[PDB]
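See below for the structure under consideration.
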Amino acid sequence: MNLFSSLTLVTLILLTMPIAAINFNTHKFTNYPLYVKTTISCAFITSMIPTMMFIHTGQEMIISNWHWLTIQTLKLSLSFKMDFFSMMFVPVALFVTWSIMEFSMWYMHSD
Amino acid sequence: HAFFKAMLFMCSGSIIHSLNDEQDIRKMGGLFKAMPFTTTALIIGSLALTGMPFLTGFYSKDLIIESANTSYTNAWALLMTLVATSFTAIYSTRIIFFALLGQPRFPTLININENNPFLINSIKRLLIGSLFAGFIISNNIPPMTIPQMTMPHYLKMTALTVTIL
Amino acid sequence: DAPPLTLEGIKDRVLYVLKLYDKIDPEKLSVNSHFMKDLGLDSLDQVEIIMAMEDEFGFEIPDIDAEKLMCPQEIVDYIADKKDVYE
Amino acid sequence: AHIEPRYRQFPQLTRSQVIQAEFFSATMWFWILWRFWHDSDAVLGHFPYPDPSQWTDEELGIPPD
Amino acid sequence: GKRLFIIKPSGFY
Amino acid sequence: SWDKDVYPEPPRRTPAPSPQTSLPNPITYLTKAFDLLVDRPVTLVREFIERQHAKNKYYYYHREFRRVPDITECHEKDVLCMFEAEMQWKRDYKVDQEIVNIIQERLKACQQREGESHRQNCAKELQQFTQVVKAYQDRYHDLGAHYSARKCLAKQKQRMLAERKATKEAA
Amino acid sequence: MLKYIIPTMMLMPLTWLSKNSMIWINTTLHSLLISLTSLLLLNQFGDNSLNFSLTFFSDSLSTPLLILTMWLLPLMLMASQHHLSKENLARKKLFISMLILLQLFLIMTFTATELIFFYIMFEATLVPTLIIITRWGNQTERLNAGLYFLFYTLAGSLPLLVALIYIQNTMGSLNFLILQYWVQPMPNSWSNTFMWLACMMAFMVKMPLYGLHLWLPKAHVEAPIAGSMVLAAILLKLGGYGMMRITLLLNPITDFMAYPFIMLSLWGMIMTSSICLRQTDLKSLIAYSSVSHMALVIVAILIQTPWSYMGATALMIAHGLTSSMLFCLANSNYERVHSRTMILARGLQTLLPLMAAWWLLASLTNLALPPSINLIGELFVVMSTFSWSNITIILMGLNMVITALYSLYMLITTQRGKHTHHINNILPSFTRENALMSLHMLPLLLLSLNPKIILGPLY
Amino acid sequence: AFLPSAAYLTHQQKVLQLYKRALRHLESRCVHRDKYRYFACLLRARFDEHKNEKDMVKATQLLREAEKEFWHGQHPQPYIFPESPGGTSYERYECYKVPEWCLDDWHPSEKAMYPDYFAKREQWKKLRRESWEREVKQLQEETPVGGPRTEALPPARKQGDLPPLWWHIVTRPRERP
Amino acid sequence: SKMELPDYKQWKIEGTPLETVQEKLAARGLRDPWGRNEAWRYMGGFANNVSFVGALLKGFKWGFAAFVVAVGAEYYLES
Amino acid sequence: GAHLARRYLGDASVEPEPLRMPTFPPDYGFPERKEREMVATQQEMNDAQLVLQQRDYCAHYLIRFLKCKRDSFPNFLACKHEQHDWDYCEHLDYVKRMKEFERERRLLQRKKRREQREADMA
Amino acid sequence: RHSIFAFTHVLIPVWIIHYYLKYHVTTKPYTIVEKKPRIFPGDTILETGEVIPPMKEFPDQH
Amino acid sequence: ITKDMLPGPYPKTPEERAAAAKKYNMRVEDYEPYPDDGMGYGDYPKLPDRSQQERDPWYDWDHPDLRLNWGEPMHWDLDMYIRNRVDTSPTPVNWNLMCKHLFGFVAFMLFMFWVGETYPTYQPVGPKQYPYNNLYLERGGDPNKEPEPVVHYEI
Ligand SMILES: CCCCCCCCCCCCCCCCCC(=O)OC[C@H](COP(=O)([O-])OC[C@H](O)COP(=O)([O-])OC[C@H](COC(=O)CCCCCCCCCCCCCCCCC)OC(=O)CCCCCCCCCCCCCCCCC)OC(=O)CCCCCCCCCCCCCCCCC
Ligand SMILES: CCCCCCCCCCCCCCCCCC(=O)OC[C@H](COP(=O)([O-])OCC[N+](C)(C)C)OC(=O)CCCCCCCCCCCCCCCCC
Ligand SMILES: CCCCCCCCCCCCCCCCCC(=O)OC[C@H](COP(=O)([O-])OCC[N+](C)(C)C)OC(=O)CCCCCCCCCCCCCCCCC
Ligand SMILES: CCCCCCCCCCCCCCCCCC(=O)OC[C@H](COP(=O)(O)OCCN)OC(=O)CCCCCCCCCCCCCCCCC
Ligand SMILES: *C(=O)CCCCCCCCCCCCC
């Protein structure tokens, strides 16, 4: 449980970290595209662990970690569903996006 | 579909960048040998799109056609799905014919170059995906339905025959 | 990608396409050869010459500009102006 | 040395891109032939489809009257 | 070689 | 932690690992790496912070409202009594809202927990959900944005007249 | 409430005794201190309102309106100090005095326990607003604008006065706390029909109701920037606040008196949003978008469910911040090109990229991008109106198409495309301008983290 | 129809524009270069048949039914050059074409980063402001009464003068900035 | 810097489909003047490109060789 | 797909309707017909969390295959035999469904011949 | 400082998120609800030791 | 700007039409106002109702993205006929024939989906057989009640 949910949230927080880096900047970056591509390759690697332990046991969970707002009988929480659909789509999207960004370091180089 | 379709757009963008932002297939051609890695990956992606057996599109789309044939189905929807399956082969070889085969139709100052490690490695990982990812995913996912595996021979061979036609 | 054009390179390519044209003898051709007065060409021939220039350099010359390019040097100057050569 | 552009003629090719392209084409055909050798039923059919006309009335329970 | 000045608006402010 | 009666869970039955292959799975090695590299430093930091809490222990309290007279035993237009009745009614309405939220949390936790056999194994939570939503609906629905204890009492008296008329006509 | 009223009044000797170079700095500083002080009003309870005295109270409806009101004054001073730089010093102090006086009238409009004192502060807000528009507005039409703003209000509000005094003669009190417990049902009659109209039409004008809205695309357009900021952000919400207070007394007749007005709002938000697709004046487009957004608040207050009141107060706070920011962005382009024509200065992202990012964020909040409080209010009103009648989703959903379409068109026309060649006075964005945009946009986005403080008394 | 210098298109200009449009659409229909080359020679033979036509009413009639011929036989998606209007890369770089006057609004700390560039910019600005009054008085001594007839501008006539209204032609952005 | 263009005299349309085009134009009294401009597309390294089934069967030879080697390898490894 | 042409272009009175069939009793033509034996316990496929589509008369091979697929991780190619056993028993179930279809079609042919013989005789 | 990326972008977030999940999220009810593990005939329960009995013997088909 | 260069009322006398044609920088023979039916157009010219996409793109426009010169009278719906919006350009297929082909294709496809819904395809099989009274407890049937026995037999 503690491996699954932690690496699940680490994948998403890791994706948010270069946004925080580019918004808190002063200099001209030493290849910010390489940093975003490295981050997404690492998020692919980190997302493969809950995917493997879903392939092992069928391990699914829901992380309702932050209560956001209760409209009288509708409790809205920041809630993440780690089921088959997320467990397969997140690594495929991260793998494809990692290829798209290493492609973009070439294709968008003049930009 | 993610693997081979992202790779087909990346191969198209490799062609577009090598031909100085040319995107029309009537000003292409002769790129079989001039862009060999883009050619290899474009042919592998077009075969994965059309459902070549045991590439990645086979492990989903062929099962989709077999399940759509052998089910209580709107028959016109099935027939239009099969006509669309033949049309996929038609536009895939339209891409391969006008972009890669034949003789050049692009301008005379050839700047054809795909020798960047970024381009090669990024197309390479989706190429390994377009070869093996359908096999790996379809043998790792749990059964969630009961797969229909008993059907007559003309109905098992529908998708492959329609694609070949 | 996209190698920069020079005036000598544009001049060489314009004269190259005109030397590959069977209605122009390549020994009489120069950069100042007027197509109608020196080379004896038709206006349809001039339209075809500008279309071959367009196919050569990969961009369109509009018809209000194409009808005024009556020697190779005017074509070279037009392509120079539209591509900003010798920065 | 990077690729120098050419005029009206076939471009310069690196040896590396040619051997990579040939390797992945050969890998595709190896994978197709290997999986067709080992599976052969995802393409051609897994189980024999029975003929309903060949079924006798005894096993289907049809009393002749 | 042949580096060109890129005209851009003032990014100081 | 919490109270395991208001938020119940069935006992966890995990199966013992019965490996059939000779290949070592990466999940056990990554679990050991998560226990060493992650779980022990987090545990040591939390033990430090917990010692710092235990150095200065202090308490907070759950506020107990005693029961004041409700709106039925307040004289009409007597604002001093019906103010307190209205405040009591608003607190009870907010608590009934949270009771419905507790039962919905039980229903959703059962649906995730029982998984693919959720429809058979969550009939009790579904039945408790149906009962508490029927009670909440009879008590508070259709009162409007300007609800009060008077609106709720008028709704209850209308419902009781309908029930009395249905009992009278069926006998 | 007197811990806010007295510092707001002390801003008057603060502006009139300041040194001539210090009158913007001092009033900005101490109005920001009053705005920091305004968070003590968040002592709200789940059952009782925060009842200070016989004269003043503050529940969770009035509290975000008060915090937004006290927050808008420093932002109005920042927005107005540049175009009043060449002004006479005493007229500059009179301008700041009108803004201070308007804040003073607003903060005891929203906290007025008794309804006729609400009426007097509510109508007292007219006089500084009229003076600001007609004296410091830029064009001729401000004079005509000052008439429309004056006379759609009073023609609606003088029947309210009579109506309130009638309640004073019937209930014996106009204390809202007493009227919470002494409210009697209002049956179907003609007398109660015109009672309903007299109670509602002043606030219908203030919102504005569609068909009564014509004062707004003159009053918000011809005003100076601080005038437009307070008109769109606060003074429209006097109508919604007053409806949410006054519909306590109007039950059950509202259940069929709301039917025409709901139609006027549900079709009106289709009309005015469509009007925004063909506006050539950018500031007029922002004004008509305010009419379209307040149409939802009218529908939500008239259907009077908990979800609709929560959505309506969230949408009032969110629209206050968003419309005030949009008027400030349009003013930042007006202070460079000196025309409010939207097609004039194009391609401004090539010239002003950070201000283009502010345009982007304000457009995204205008089209109610989740999870902004714009979308929270929008969505909760849509939920409640779907429960009212399932067909309303058509007129709701189509509105959200058109709202997207005019929001990005505004963003595409001014920021994108090719820049206008002959315009060469596009100065880089001043620190004051980006500061004004951030002081709108950063609290607006931070309220998505904790939106329960802007969900009103029946959260 | 709409031209900066001429008020109209002559018949010869209409024939040549039809010939170029017909060859481009024929190349779109006839993708391969030898097949286009054959049919382009056939189309040139169709244009050379009525080339020596002296009757201008007959020539205008032939041009009109040739336009009907073209409108029936045009390609639905003809080839457009990428930077040409309607192309896939047309006006792509206009977001990067910052005008030169924005350099006047740079801070002195970022003007000091390019000392020789701005020192060379100031003599362009000096040249422009000493050329302006001479080129205005050139335009008003050369434009006829009632205003200019065409949009054509004159060249510089003296040695030392610049052509009138030259600054935004010369200092225009690059196509690839 | 300086780019050396190839010679223009080498681009002759004999042996190309432009020769067939010129023959079919001269059969009806016409002549193609732009053939040598197009002649480079059909000459050199751009002449004799593969067909479509030759494009699909790229790498089939080495793939089939590796297939035969792997089948023989598992057929010897099972015993 | 010849049965589609026999139902749609031919007569539908002799062709079985799929949405409502069998229309004949199951003992009609069978002396001592036996029931289908369910191997997997209801609690066993409840605890195995099978999909309700998958809890048919051959779910026991599916339970064996899923236990193999769990126990042989990461070797995901190591349970071809259990998968083929489940696929073959699903094949046998589908053949039984085909036999039910052919049984209903031949009994409708019997009813057609019965009513035609009754019309021609009496 | 050669693998500072795996320290600052992976391991410090795994530390922070594991602290947050272990001591603030799972200390609250129904925040991480996991699907109960799939039980097969023949399994042994770790919490109890009760061996799940195997299935009935198959009427073998092939 | 001043008052005699602003738009005004509908021109009635020919000298008023001439001076308002001079105001909008256009010929008197080209100036046509909107017809005076009281809609509020005044003397503003009715320009030929074409999109700005139809303008010559190779001309040196003062506003190149708008394809519009300085001082040229703008169309009443210029913000509508920008190139981001309504295009009126000539189409290779006629408008009515395009509408006929699109409507005929969509109507034929909807008709044939209705036909194939009325006559569906299926396989020559019986219904799928589930044990335990068609999985009565699994589908949510209550255990205190007892359903009718759904019995399946061998074949
Ligand atoms: C209480 C503590 C809170 C801490 C956390 C903060 C919470 C949010 C607060 C508000 C944050 C906004 C600040 C940045 C935007 C405005 C300024 C700007 O543009 O600067 C560009 C600049 C970097 O750009 P540049 O290259 O230098 O120049 C810009 C270019 O000119 C060209 O610019 P550009 O166009 O390339 O780039 C602009 C780009 C443009 O990108 C977009 O417009 C796309 C955004 C929409 C799509 C993606 C997001 C969709 C929604 C998902 C996210 C929310 C939910 C996530 C949770 C999981 C799911 C539920 O915007 C961004 O990248 C901004 C990222 C964040 C976007 C937030 C959503 C805005 C969309 C509209 C409303 C949506 C709903 C509200 C959401 C509220 C969430 C809290 O940024 C800065 O310098 C940042 C300065 C410091 C910012 C401080 C922020 C907090 C202030 C609060 C103070 C008080 C509390 C203390 C907290 C302090 C924390 C450090
Ligand atoms: C790099 C900075 C990170 C922190 C560095 C310093 C700390 C180092 C590591 C230790 C961690 C800190 C201690 C643990 C954290 C606090 C735990 C805790 O109990 O916190 C109290 C609570 C936890 O929730 P809660 O349920 O206890 O309380 C919520 C409050 N009520 C009940 C009133 C609703 O708050 C947080 O943790 C806040 C952080 C939330 C993180 C996600 C933010 C997403 C923002 C999206 C905005 C819009 C949402 C809209 C959609 C919502 C869904 C529909
Ligand atoms: C912004 C423009 C539109 C503004 C609209 C404003 C509201 C429209 C309706 C106003 C009606 C007049 C005030 C009603 C106050 C109700 C008080 C009350 O107790 O009513 C019940 C009382 C009942 O009398 P009573 O209460 O003394 O009787 C005892 C009770 N019964 C009936 C049981 C015996 O109503 C009246 O006395 C008359 C009400 C109608 C008045 C008709 C005359 C005015 C018509 C409308 C004018 C509106 C503005 C015109 C100007 C427009 C702009 C230039
Ligand atoms: C499961 C059910 C499935 C049902 C499927 C069928 C239902 C929908 C039927 C069609 C309705 C939508 C299509 C019509 C609107 C499309 C507008 C659009 O895309 O305009 C594009 C146009 C220019 O685009 P284009 O010419 O292609 O660009 C080439 C480069 N110049 O750009 C412009 O002209 C810009 C115009 C901006 C303003 C647009 C105003 C129109 C808004 C229409 C809203 C319709 C709302 C419908 C609500 C329904 C509620 C249920
Ligand atoms: C009877 O025909 C059963 C098969 C399903 C209905 C007809 C489907 C026809 C299309 C599939 C076969 C195509 C062969 C090329």
Side-chain angles (χ1 to χ4, degrees), chain A residues 70-75, chain F residues 68 70-74 76-77 79 82-101 103-104 131-163, chain G residues 45-49 59-61 176-188 196 243-259 262 299-314 380-381 383-389 455-459:
Chain A
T70 296
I71 311 299
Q72 285 184 348
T73 49
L74 187 68
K75 187 174 186 291
Chain F
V68 301
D70 57 353
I71 198 66
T72 59
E73 55 190 0
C74 296
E76 187 172 1
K77 285 166 87 282
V79 293
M82 75 192 290
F83 165 71
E84 297 187 349
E86 179 68 28
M87 296 301 105
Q88 195 187 21
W89 185 80
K90 285 181 180 177
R91 291 192 299 272
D92 293 334
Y93 174 42
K94 186 70 176 178
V95 172
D96 288 332
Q97 285 173 1
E98 295 297 324
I99 291 169
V100 175
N101 285 321
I103 302 303
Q104 285 177 347
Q131 294 298 109
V132 75
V133 166
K134 178 65 167 64
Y136 185 88
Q137 193 186 12
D138 289 333
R139 193 174 289 185
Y140 302 119
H141 203 206
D142 302 331
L143 294 175
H146 296 287
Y147 52 74
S148 63
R150 285 173 60 193
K151 263 69 180 300
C152 188
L153 179 60
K155 182 181 178 181
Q156 180 179 356
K157 285 183 180 180
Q158 180 177 1
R159 185 177 66 248
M160 289 173 71
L161 288 175
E163 290 175 354
Chain G
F45 302 100
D47 53 355
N48 199 3
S49 63
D59 61 351
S60 295
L61 175 56
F176 188 77
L177 297 173
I178 293 297
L179 289 170
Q180 281 168 346
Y181 303 108
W182 290 5
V183 55
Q184 295 301 111
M186 183 172 287
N188 190 4
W196 197 86
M243 285 182 187
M244 284 180 176
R245 301 299 188 192
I246 206 70
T247 52
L248 177 63
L249 298 175
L250 304 176
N251 286 315
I253 191 168
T254 299
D255 292 336
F256 60 92
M257 296 307 297
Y259 274 104
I262 290 172
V299 180
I301 291 171
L302 288 175
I303 66 168
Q304 59 181 357
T305 70
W307 278 80
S308 70
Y309 277 18
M310 285 184 271
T313 178
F380 289 181
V381 173
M383 299 296 105
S384 62
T385 57
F386 182 78
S387 179
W388 187 74
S389 178
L455 287 173
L458 62 167
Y459 174 76

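Order of the sequence lines sets the chain letters (A, B, ...), proteins ahead of strands, with each chain counted from 1.
Other residues, nucleotides and ligands contribute only 12 or fewer heavy atoms inside 6.0 Å of the CD atom of F:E76. With a 6.0 Å radius and a threshold of 12 heavy atoms from other residues, nucleotides or ligands, F:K157 has its NZ atom at or below the threshold. More than 12 heavy atoms of other shown residues, nucleotides or ligands fall within 6.0 angstrom of atom CZ in F:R91.
The side-chain heavy atoms of G:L177 and G:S49, taken from C-beta on, include a pair separated by under 4.5 Å. G:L302 places none of its side-chain heavy atoms less than 4.5 Å from the side chain of G:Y259.
Summarising the geometry of G:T305 relative to G:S384, their closest heavy-atom pair is OG1-CB, 3.4 Å, with the distance given to 0.1 Å. Of all heavy-atom pairs spanning G:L248 and G:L179, the tightest one is CD2-O, 3.5 Å. Residues G:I301 and G:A312 approach most closely at CG1-CB, 4.2 Å, considering heavy atoms. Considering all non-hydrogen atoms of both residues, G:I253 and G:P187 come closest at CD1-O, 3.6 Å. Here the closest heavy-atom approach between residue G:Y459 and residue A:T70 is recorded as CE1-O, 3.1 Å.
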- Task: Dump the intermediate steps for side-chain contact (heavy atoms from CB on, under 4.5 Å) on F:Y93 and A:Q72, then the final yes or no.
- Result: CA-CA 9 Å; F:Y93 174 42; A:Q72 285 184 348; 3.7 Å; yes
- Task: Please assess G:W307 against A:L74 for the test side-chain contact (heavy atoms from CB on, under 4.5 Å), listing each intermediate value before the final yes or no.
- Result: CA-CA 11 Å; G:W307 278 80; A:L74 187 68; 3.6 Å; yes
- Could you walk me through whether F:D70 and F:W89 pass side-chain contact (heavy atoms from CB on, under 4.5 Å), step by step? CA-CA 8 Å; F:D70 57 353; F:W89 185 80; over 6 Å; no
- What's the verdict on side-chain contact (heavy atoms from CB on, under 4.5 Å) for G:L61 and G:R245, showing C-alpha distance, side-chain angles and the deciding distance? CA-CA 10 Å; G:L61 175 56; G:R245 301 299 188 192; 4.2 Å; yes
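With no hydrogens or angles considered, no side-chain donor-acceptor pair links F:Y136 and F:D96 at under 3.5 Å. The closest side-chain donor-acceptor pair between G:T247 and G:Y309 falls under 3.5 angstrom.
Here CD of G:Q304 is found 5.0 Å from OG1 of G:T254. Values are rounded to the nearest 0.5 Å. One distance of note links CE of G:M244 with OG of G:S308; it measures 7.5 Å at 0.5 Å rounding. Here CE of F:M82 is found 10.5 Å from CE of F:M87. Values are rounded to the nearest 0.5 Å. Atoms CG and CD, from G:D47 and F:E84 in turn, are 11.0 Å apart once rounded to the nearest 0.5 Å. A distance of 10.5 Å separates CD in F:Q156 from CG in F:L161, rounded to the nearest 0.5 Å. Taken from CE in G:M257 to CE in G:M186, the straight-line distance is 10.5 Å, to the nearest 0.5 Å.
Of the possible donor and acceptor atoms, none in the side chain of G:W388 sits under 3.5 Å from a partner among the backbone N and O of G:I303. Between the side chain of F:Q97 and the backbone N or O of A:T73, no donor-acceptor pair lies under 3.5 Å. Looking at F:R150, its side chain does come within 3.5 Å of a backbone N or O of G:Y181 through a donor-acceptor pair. Between the side chain of A:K75 and the backbone N or O of F:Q104, no donor-acceptor pair lies under 3.5 Å. Checking side-chain atoms of G:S60 against main-chain N and O of G:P457 turns up no donor-acceptor pair under 3.5 Å. Put simply, the side chain of G:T313 never gets that close to the backbone of G:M310: no donor and acceptor are under 3.5 Å apart. Judged by distance alone, with hydrogens and angles left aside, the side-chain atoms of G:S389 form no donor-acceptor pair with the main-chain N or O of G:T385 at under 3.5 Å.
With sequence neighbours left out, F:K151 forms a side chain to side chain contact (heavy atoms under 4.5 Å, CB included) with F:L143, F:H146, F:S148, G:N251.
Geometrically, F:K90 does not engage F:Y147 in a cation-pi contact defined by less than 6.0 Å to the ring centre and at most 45° from the axis.
Here the two rings, on G:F256 and G:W196, have centers that are 6.0 Å apart or farther.
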